[PDB]
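Beneath this line is the structure, given in structure tokens, with notes to follow.
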Amino acid sequence: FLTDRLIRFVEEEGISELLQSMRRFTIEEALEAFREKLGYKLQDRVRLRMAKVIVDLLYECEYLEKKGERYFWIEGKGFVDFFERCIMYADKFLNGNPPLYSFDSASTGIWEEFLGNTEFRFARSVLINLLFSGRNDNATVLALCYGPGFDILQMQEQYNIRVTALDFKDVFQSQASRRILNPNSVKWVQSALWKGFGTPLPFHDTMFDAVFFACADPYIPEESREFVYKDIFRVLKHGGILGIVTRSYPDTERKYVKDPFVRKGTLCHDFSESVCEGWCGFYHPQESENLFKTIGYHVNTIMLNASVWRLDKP
Ligand SMILES: Nc1ncnc2c1ncn2[C@@H]1O[C@H](CSCC[C@H](N)C(=O)O)[C@@H](O)[C@H]1O
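For reference, each letter of the sequence shown is one residue, going 17 to 95, 115 to 349 in the entry's author numbering.
Written as structure tokens, this is what we have:
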């Protein structure tokens, strides 16, 4: 299991030994001790975040209790995977080595194997039915940040839609074309027309019946996330729909992410994919719902522990 693997990492790197010897710590004190005692170079946001995720996971797994903002180590009384490869590298990354993977040509096979997994296929299929079930055929849909094209493939498997495909790099386009059911029917937009998150989408206002946005939310920088979703709102027709597949950072309130296995799994996913170039991490679900509402979306559906979102433009 992935959680057991990350716990084994925590123990083998001496993180658990350090924290139990400290006995009590705030997140700030723990991060200072990771720097001073383990020698981690927490020199950027993504590495500082990984260290925070480790503490959050130890708390979720009941190694720690919390009073106010202070954690306490709980003393016990007497008597092959993409994720595996990420965790195998995490010690090197935390010591300041470059990201393990990126969205460049050399890494395309890695992403193809990872994003083809059954859990992603399930989440995409649910969202596709949420967006298109019961609709008139041949909706105009933007497949945004489509990568290897599993999203386009599943959309064409399930429904007759007119896909416009856009990514911020063109490194996957040939692989996606050789995967989907109807490559001639797709409007492939050249990646030179869109620098990516933070730049306006190269489409006019109110053009699309739907925007499909799967597994790309955690690559949006915090500084740009409001704009990215406002700009998507701009290109949707009134009555159009934005579908998101992501994960939600486990919420203390347990309002959105309830399944204990999923709460642990999301933390381990976030820690692991932090070794990939550009990872920003999963966002808090209450803040996401608040953001979508202020932009002007109606929150039609939140499902799968707040991993699948249907957002309608009124
Ligand atoms: N800074 C950035 N701006 C726009 N897209 C970005 C980006 N960083 C990553 N991405 C894109 O986000 C995607 C992450 S992988 C998800 C691919 C596909 N949607 C699927 O469901 O499997 C990739 O297409 C990647 O090119």
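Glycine included, each C-beta is placed from N, C-alpha and C at the ideal position.
Taking non-hydrogen atoms of ligand 1 into account, the C-beta of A249 is found less than 7 Å away from one of them. By the criterion of a C-beta distance shorter than 7 Å, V206 is surrounded in its chain by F138, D139, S140 and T143, once the five residues flanking it on both sides are discounted. Bridge pairing for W223: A200 [DSSP]. For a cut-off of 8 Å, the C-beta gap from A245 to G274 is around 10 Å, too long to register as a contact.
Comparing alpha carbon positions, the residue from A341, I255, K299 and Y87 closest to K290 is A341.
Using a C-beta cut-off of 8 Å, the segment 258 to 269 makes no contact with the segment 181 to 194, since fewer than three inter-stretch Cβ pairs fall below that distance. Across the structure, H239 and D186 are spaced so that their CA atoms are roughly 23 Å apart. At least one heavy atom of ligand 1 sits closer than 7 Å to the Cβ of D186. As the crow flies, the alpha-carbon of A49 is around 48 Å from that of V224.
Counting other Cβ atoms within 10 Å of its Cβ, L188 reaches 16 or more and is therefore classed as buried. For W89, the enclosing beta strand (DSSP E) starts and ends at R86 to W89. With contacts defined by Cβ atoms closer than 8 Å, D286 and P320 form a contacting pair. In this structure the segment 155 to 168 does not touch the segment 324 to 332; the number of beta carbon pairs closer than 8 Å is below three.
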